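Read off the chains here:
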Amino acid sequence: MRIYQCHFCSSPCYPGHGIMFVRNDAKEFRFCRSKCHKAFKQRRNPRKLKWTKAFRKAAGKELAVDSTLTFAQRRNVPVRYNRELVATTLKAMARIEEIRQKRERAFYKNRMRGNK
Amino acid sequence: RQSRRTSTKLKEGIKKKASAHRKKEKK
Amino acid sequence: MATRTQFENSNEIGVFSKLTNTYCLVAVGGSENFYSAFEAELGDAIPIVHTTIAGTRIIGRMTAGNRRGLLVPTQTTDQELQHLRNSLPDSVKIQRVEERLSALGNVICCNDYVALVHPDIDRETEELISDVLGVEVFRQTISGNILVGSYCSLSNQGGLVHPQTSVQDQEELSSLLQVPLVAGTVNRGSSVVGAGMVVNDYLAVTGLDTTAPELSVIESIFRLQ
Amino acid sequence: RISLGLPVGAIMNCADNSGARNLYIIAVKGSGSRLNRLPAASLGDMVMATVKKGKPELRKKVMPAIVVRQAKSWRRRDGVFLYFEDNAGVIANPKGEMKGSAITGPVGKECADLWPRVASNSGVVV
Amino acid sequence: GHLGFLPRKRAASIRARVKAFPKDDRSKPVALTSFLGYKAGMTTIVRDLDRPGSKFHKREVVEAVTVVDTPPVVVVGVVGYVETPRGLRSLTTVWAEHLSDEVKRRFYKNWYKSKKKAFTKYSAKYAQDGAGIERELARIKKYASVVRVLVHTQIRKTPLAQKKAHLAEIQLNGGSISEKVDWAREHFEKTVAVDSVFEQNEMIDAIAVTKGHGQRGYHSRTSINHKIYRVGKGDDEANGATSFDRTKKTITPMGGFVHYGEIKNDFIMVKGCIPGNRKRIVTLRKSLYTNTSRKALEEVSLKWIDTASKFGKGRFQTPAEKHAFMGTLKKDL
Amino acid sequence: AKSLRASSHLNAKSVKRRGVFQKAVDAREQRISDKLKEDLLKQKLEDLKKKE
Amino acid sequence: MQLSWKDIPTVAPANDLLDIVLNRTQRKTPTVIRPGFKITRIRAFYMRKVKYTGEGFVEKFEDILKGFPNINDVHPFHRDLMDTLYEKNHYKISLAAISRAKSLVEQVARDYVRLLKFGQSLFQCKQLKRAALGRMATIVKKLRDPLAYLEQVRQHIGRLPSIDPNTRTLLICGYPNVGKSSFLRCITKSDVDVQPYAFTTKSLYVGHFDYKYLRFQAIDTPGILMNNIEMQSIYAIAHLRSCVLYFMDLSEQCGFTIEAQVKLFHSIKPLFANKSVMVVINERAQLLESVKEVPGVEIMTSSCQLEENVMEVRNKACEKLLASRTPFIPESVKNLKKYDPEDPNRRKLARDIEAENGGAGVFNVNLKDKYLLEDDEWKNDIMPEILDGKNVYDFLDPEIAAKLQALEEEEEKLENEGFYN
RNA sequence: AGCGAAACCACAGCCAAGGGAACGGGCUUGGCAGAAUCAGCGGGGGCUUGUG
RNA sequence: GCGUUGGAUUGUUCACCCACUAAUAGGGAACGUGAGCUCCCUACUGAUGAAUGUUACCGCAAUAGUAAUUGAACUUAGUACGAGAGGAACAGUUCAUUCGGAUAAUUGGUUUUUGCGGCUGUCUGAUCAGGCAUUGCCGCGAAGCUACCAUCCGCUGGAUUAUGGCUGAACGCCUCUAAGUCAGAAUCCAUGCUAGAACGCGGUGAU
Ligand SMILES: [Zn+2]
């Protein structure tokens, strides 16, 4: 299995959910639901519409570049597997998720300032 | 399966076949 | 040294297997006889890899490799990529390549020294072929045909192409690979020859309808005995 | 099993470099005799097709054809549902040997496992 | 249409009945033959198919499975049927004294107005060392070929407001009738676990009354050979967690099943689709025989359970999956 | 083609009967004699909470 | 068509061919009519029957005429090959009597149906049906003479060898029981009877072999002294593009004199002159060189007990027909032996491992214990794969704990500043 | 919820076979049949055979 | 038992040809389905229903109906078999066709959440509020109507026909048969599946 970021949403696409499209130029057009897929037929720009992350990563609503976001790189090189090198990943991913929300919560308070 | 009732048109259409066998023999 | 076996009663061995100097690739199915033929010929010296690619039996004509590395398409799943590193020694590297095209067996025709690729490929691939495999990369087409791994089978000893090759493209291309070229057939007069058979320095595996006049050509150029 | 989308009397386009441009489907090989419905063809299926637009060497001839692009959303056993841009098909002889040396456009995964030379003759798979 | 499904008419009850029962193996010790529960929606499932000789050998495979809410079930009586020239004839049923409100409620159509005086002068028939009670057991123990058990649903445990326990007969395929009764003797009033009838990786049939519409539908249907994927237990947290996925979550989607509640106890996950609809009572029998096919030999390795909310759409799995993606919002802080 | 009531599949699915799935029932049959009989023992604990 | 005839539908011996078709018109078509019907339905009832059987025999003879080759249209050899075994003229009339009969059953159907549509009462209507099948049957009854012969030819052409005149052919000839049967026995795998009498093999025995990666076939001939068995052997060399291997014996064996073999060569000389003759021998020594007068001659002294000298015949005959940076190999591959299939003590393959467990499409091909790890304890692979909306592989790399510590230091430098208020 | 016709009407209306007469609807021999009532359909009114 | 196709011709259709498939068998039910074509009676599908101590719960099963079907692929193999050309099958497996029964997790015509955004015909002293538009239009949408447009499921014991036998008379031999007896067809009959006789029955609760 692989959890795919959507082309339109960049929201997690689970197996059995969504509709994939294959162009004559041939690369993966993966969607999370039919709503996004039917918006793609109308030739709408993802960065223009607001309910996605494609807009939010560009304008300045949620942080695009961070130390916790680079860890989730599309990894390429296969590894030999060790019983303890994957036993640490369990506690690692649980730790990074805490920091990913907290620095976003820090980004939230730097966004909400200006109302006071 | 076949029947074993003689329908009356037959039972008397035998007599009228048997009568024709009587006049046939004489000539 | 040349063998004659089958997979799923199909003449196209090189579509359902890829053979190199250090390893071999085999698709998993009901039949083990296809695995057994390589198990008889090679033994427990170099590994044979029971695997799928993207969830397909078609494996040889979707991947590329030699003694130093192995190339696998973008469609390759994580677990299949996992089992491949679980099997192979540190002498052979493995890398997934983010691409437009999946057909690596159709594009890259490679041995331990020289690699022939597609002319329409991106620049990042050519930079990654020469780095990992330790080979020289060339953008060239054989006899107007655009997919070169399908219509050529290549090793360090000799190299086969389809019979429709001009004499001009036989001798000029033999200077690229530093070894002579013979334009002939495999599997009772079939054009697709690279997919029709698998070959390295010592072993040559052909489909069961490969005739004796065809086999004598294969024994000559690839120099088995 | 996979879903059907190219019925009897469909205009599938050419994907190989034989000469032809489009193929007109008259009958489906390996079909079910339905009541008040003409049988339908899917991906990797063989179909009798006559050339509408092409060359004089290819036209006036009735020949089998292997569909490589479906253009109606089908099922994959790996969760996701997909479909191609347009309905298309390549021509081949009864064995499975390709008349065309190279194939432009995508070729389906369900067609490729079934046919060995189609898996070799393909430019871009999936 | 099909001729054999005639008359296409209304079932007798909401609870359809087990027409047949599994044969007998006299070498075995006593075993129940079937089990009851309630249908609870449909969930997507993925696993690697370890079926040999297959076009999908070792590959990932996606399939829809139904979850049926099956609580632990309680014996309230035992029954003896004699073989007759005229078939079968229950010569005696005999019960267990301490009956629940739910069981007794099955004996009144109007529970509210009732004086709740039911198994009472029968409960004073119990009040001694036995005498009359142990007599009727000996009655059965003497004659009678098949020994069946009276049981009912624990519906209070259920997220359903129906409150009225269902009675279903389930026979015993444990050898010797002396054992049969001396198993039902010990097991009066005792609650019976679900995992002690069915294991994972087993073929079972199911019974249910079908989805009525407007005559059309509302018939008893039995489907045959259906593989149990998952037997879960309510006390164990993380039912959704496989040996692979291991993230702590319940099989219940976010905010309960569609028109059905949280699964706060034991359940069965069966291949494909049971007849009827959610809320409907299903009784699961253990397939009458041994169907040794490779369709039945394979032991399954589940990968991931789709616990997304099916009401509307599901892009996420846990509530922990909503705020890790959304971050934080207005009503939170 | 052969029916379900034909002599082919009848003889084939008669030899395999004595496989694993007669013994997997016996392996589960002990869990019926274990945790369900522990339910007899657990309610005997609460009866000793009442007898004290 | 092609050179192999076996796909010939069987010919029923007249009365049988009646009871196939004269019965077909009774099972397949309706059979019952009322006398109180409308006349146009009785008319049509019998037309349905007469015209059905009218096509019935025609269809049957369409199978026979098209199923047998036309003698002259085929090949100059094969035209002779069938005349030498069967009367060519009797065969041609057997093609022409059926052809006349086929146009006669069509003649009955066109005539009697045209008479039937004008049959008013039932008894005219019915009798004209019986008349139709009556006239049809009489044609078929006259055919009991040719169709019994066509049965003998159905079986004899059915077992006849399929030879190819264009392929590299080599006739094996000589006197009866020289040692030509002992020759074809060991050179190629074809059973030819070695029995000490006159005409042992009455027919052409073909023996396929391969030399220099090329296809050859060796054709044995019966034996020569005009008879029918004699004429088949004469026209074997005469019409086929072949080199004649004539065999002689320099001993008391065979029964025939060496002097008879010389007079055999000169008398039948007119045909095999342009074929390039090869002669092998298995007052007395001089008259062997009187054969050498003929433009195309060879003489060899041979022993057939040892396999080399008999093989050298084949080698010489095959030559006659044709005219008219460094590579890398691992050390562990060269060290290990080649596979031996009948070896009692060897390493076991998947073919033998999966047969011991049972079947072939019944044992699941186990991926485990065929891959090289660091420690072989965790060969039973587990792998988490997915951890809450994000798959493990996206984070999975070596020395990530060090990269975690690099983010752990970033925590203390952003906590003391005061981002959390 | 109220108001409220007419056409029509010998009499009833279960199958199967037999009842010679393009006649079955009451008869003969059987199969059968439990009071009471609502909603559908478009439902009904010893002949001859294969070889002139 | 179970199956039996699609296209050019109709001056009166009174002819046929290649395309597939396992195969594309013939007929009957009279003006068959011409009151589907160029407020007379009742069969049938179902639904209630008085009555046999009342009421209720668990059943039983007299009887009636009945169901699956066809093809390919892996191993057996390039083995038997054969001069070669060619080339099986049983046993062991995996899918598909059509039929049938379910079912909504996704897909899809959906829809009167008449859910939310945008625009208009028309305005209210103008923003707001949409008040309204025979159901105003557009984007999308859960709930439902609901589909080869999707997914799951589709069984094992007897007794036989043809036939092959065993012992063996008639008839001092022989013979599958006369007295016996063994095996055996998608057959039959059970098992299983549907309903439960409203005038078939049983057990058990309450005074
Ligand atoms: Zn999206």
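Residues numbered from 1 in each chain as written, not as in the entry; some residues may be left out. Chains lettered and ligands numbered in written order. Part of a larger assembly, values for the part shown. Heavy atoms only, no water.

cryo-EM is the method the PDB entry states for this structure, with the resolution given as 3.6 Å.

A. Structural view of the overall build of chain G. If you tally the helices and strands in chain G, you get 14 helices and 7 strands. Taken against the 2.2 N^0.38 rule, which gives 22 Å for 421 residues, the C-alpha radius of gyration of chain G at 40 Å runs more than 25% over that of a compact globule. Seen through its C-alpha atoms, chain G measures out along the principal axes to roughly 120 × 100 × 40 Å. By residue count, 40% of the 421 residues in chain G fall in the buried class. Carbon and sulfur atoms form 50% of the exposed surface of chain G, whose accessible area is close to 25,300 Å². Side-chain charges of chain G comprise 60 positive and 57 negative groups, with the mean position of each set lying 21 Å from the other. (Helix = DSSP H or I, 4+ residues; strand = E, 2+ residues; numbered from the N terminus. Rg over C-alpha atoms; globule rule 2.2 N^0.38 Å. Buried < 20%, exposed > 50% of the residue type's maximum accessible area, 1.4 Å probe, protein only. Areas by Shrake-Rupley, 256 points an atom, 1.4 Å probe, with all protein chains shown as cover. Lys, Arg positive; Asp, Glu negative; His and termini not counted. Charge placed at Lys NZ, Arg CZ, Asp CG, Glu CD.)

B. Looking closely at the overall build of chain F. The number of helices and strands found in chain F is 3 helices and 0 strands. Its helices and strands taken in sequence order, chain F reads α-α-α from the N to the C terminus. Its C-alpha radius of gyration of 22 Å places chain F more than 25% over the 10 Å reference for a compact globule of 52 residues. Projected onto its principal axes, the C-alpha positions of chain F cover 70 × 15 × 10 Å. Carbon and sulfur atoms form 53% of the exposed surface of chain F, whose accessible area is close to 4,600 Å².

C. Up close: the interface of chain D and chain C. Each partner contributes to the interface: chain D provides 16 residues, whereas chain C provides 25 residues. Considering only the surface of chain D that becomes buried against chain C, D:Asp113, D:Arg117 and D:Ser120 emerge as the three largest contributors, covering 32% of it. Applying the counting criterion to the chain D and chain C interface returns 1 salt bridge. A salt bridge links C:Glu12 to D:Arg117; the shortest N-O distance between them is 3.4 Å. At the junction of chain D and chain C, the tally comes to 8 residue pairs in polar contact. If one sorts the elements of the side of chain D that touches chain C by residue count, strand 9 (residues 122-125) of chain D sits on top with 4 residues. (Contact = heavy atoms within 4.5 Å. Buried area = accessible area lost by both parts, 1.4 Å probe. Salt bridge = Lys/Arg side-chain N within 4 Å of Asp/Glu carboxyl O. Polar contact = N/O pair within 3.5 Å; in protein donor to acceptor, adjacent residues only side chain to side chain.)

D. Quick look at the side chain of C:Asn187. Residues and elements named next belong to chain C. In this fold, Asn-187 is placed in the loop between strand 13 (182-183) and strand 14 (197-199). A distance of 3.3 Å separates the side chain of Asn-187 from the backbone nitrogen of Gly-207, its partner in a polar contact. Here the side chain of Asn-187 touches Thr-210 through a polar contact of 2.7 Å, side chain to side chain. In contact with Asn-187, other than residues within four places in its own chain, are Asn-11, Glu-12, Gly-196, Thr-206, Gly-207, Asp-209, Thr-210 and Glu-214.

E. Expanded view of the protein's contact with RNA strand I. If you check the shell around RNA strand I, you find 121 residues, and the closest are E:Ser90, E:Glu169, E:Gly276, G:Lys28 and G:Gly361. Take the atoms of RNA strand I that sit within 4 Å of the protein: sugar and phosphate atoms are 87% of them. In the environment of RNA strand I, a phosphate oxygen lies 2.6 Å from a nitrogen or oxygen atom belonging to the backbone of E:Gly276. A distance of 3.4 Å is found between a sugar or linking oxygen of RNA strand I and a backbone nitrogen or oxygen belonging to G:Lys189. For the surface near RNA strand I, the element with the most residues is strand 4 (residues 87-95) of chain E, which contributes 7 residues. (Near = heavy atom within 4 Å.)

F. Seen up close, the interface of chain A and chain G. Across the boundary between the two partners, chain A contributes 32 residues, which contact 33 residues of chain G. Interface area for chain A against chain G, summed over the two sides, is near 3,300 Å², with a carbon-plus-sulfur share of 63%. When the area that chain A buries against chain G is broken down by residue, the three leading residues are A:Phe71, A:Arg75 and A:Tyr81, summing to 21%. Joining chain A to chain G, the criterion identifies 5 salt bridges. For G:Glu374, the salt bridge goes to A:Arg80, with nearest N and O atoms at 3.1 Å. Applying the counting rule to chain A against chain G returns 9 residue pairs in polar contact. Here the side of chain A that touches chain G takes 12 residues from helix 3 (residues 89-112) of chain A, the largest share from any one element. Split by residue class, the side of chain A that touches chain G holds 16 nonpolar, 6 polar and 10 charged. (Nonpolar A, V, L, I, M, F, W, Y, C, P; charged D, E, K, R; others polar.)

G. Region of the structure containing empty space enclosed by the protein. Residue and element names in this part refer to chain C. The computed volume of the largest cavity comes to approximately 230 Å³. In terms of lining, the largest cavity is formed by 24 residues, of which the most central are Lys-18, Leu-19, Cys-110, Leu-154 and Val-199. Of all the elements in the fold, those that place two or more residues in the lining of the largest cavity are strand 2 (17-19), strand 8 (109-110), strand 11 (152-154) and strand 14. Considered class by class, the residues forming the lining of the largest cavity number 9 nonpolar, 11 polar and 4 charged. (1 Å grid on protein atoms, 1.4 Å probe; cavity = no way out; pocket = protein on both sides within 12 Å on 5 of 7 lines; lining within 4 Å. Points joined across faces, edges and corners; volume = space filled by probe spheres on them.)

H. Expanded view of helix 2 (residues 78-87) of chain C. With 9 of its 10 residues buried, helix 2 of chain C lies for the most part within the structure. Every buried residue of helix 2 of chain C is accounted for by C:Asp78, C:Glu80, C:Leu81, C:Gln82, C:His83, C:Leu84, C:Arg85, C:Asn86 and C:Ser87.

I. Inspection of the sheet that holds strand 5 (residues 64-65) of chain C at higher detail. Residues and elements named next belong to chain C. Sheet architecture is open: 3 strands sit in the order 5-6-7, paired in mixed fashion. Unpaired on one side and paired on the other, strand 5 and strand 7 (93-96) mark the two borders of the sheet. The sheet contact formed by strand 5 and strand 6 (residues 69-72) spans 2 bridges and is antiparallel. Paired with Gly-65 across the two strands is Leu-70, which belongs to strand 6. Relative to the sheet, helix 2 contacts strand 6 and strand 7, its axis offset from that of strand 7 by approximately 170 degrees. (Pairing = 2+ DSSP bridges. Axes fitted to C-alpha atoms, helices over the stretch in contact; angles between N-to-C directions.)

J. Representation of the layout of surface pockets within the structure. Considering only enclosed or pocket space, the second largest pocket measures out at about 630 Å³ in volume. Taken together, 28 residues line the second largest pocket, and the ones lying closest to its centre are E:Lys28, E:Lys286, E:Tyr289, E:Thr290 and F:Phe21. Elements with a minimum of two residues in the lining of the second largest pocket: strand 8 (202-209) and helix 4 (294-297) of chain E together with helix 2 (23-32) of chain F. Counted by class, the lining of the second largest pocket contains 11 nonpolar, 8 polar and 9 charged residues.

K. Summary view of the protein's contact with RNA strand H. The environment of RNA strand H is made up of 29 residues, and the closest members are B:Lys9, G:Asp19, G:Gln26, G:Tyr46 and G:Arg130. Restricting attention to atoms of RNA strand H within 4 Å of the protein, one finds that 60% of them are sugar or phosphate atoms. At 3.4 Å from a sugar or linking oxygen of RNA strand H is found a main-chain nitrogen or oxygen belonging to G:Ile33. G:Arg34 is positioned such that a nitrogen or oxygen atom in its side chain is 3.1 Å from a base oxygen of RNA strand H.

L. Focus on the coordination of the zinc ion. All names here are of chain A. The protein atoms donating to the zinc ion are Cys-9 (SG), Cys-32 (SG) and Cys-36 (SG), with metal-donor distances spanning 2.3 to 2.7 Å. Counting residues between consecutive donors of the zinc ion along the chain gives the motif C-x22-C-x3-C. One end of the pair, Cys-9, is in the loop between strand 1 (4-5) and strand 2 (12-13); the other, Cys-36, is in helix 1 (residues 34-41), and 27 residues separate them in sequence. The same class applies to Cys-9 and to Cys-36, which are both buried. (Donors = N, O, S within 2.8 Å, 3.2 Å for Na, K, Ca; no water.)

M. Highlighting the sheet that holds strand 4 (residues 48-50) of chain C. Residues and elements named next belong to chain C. Taken in spatial order, the 3 strands make up an open sheet running 2-3-4, and their pairing is mixed. Each edge of the open sheet carries a strand with a single partner, namely strand 2 and strand 4. For this sheet the average axis-to-axis angle between neighbouring strands, irrespective of direction, equals 15 degrees. Two strands pair when backbone bridges link them, and strand 2 and strand 3 (residues 24-26) are joined in this way by 3 bridges, in the antiparallel orientation.

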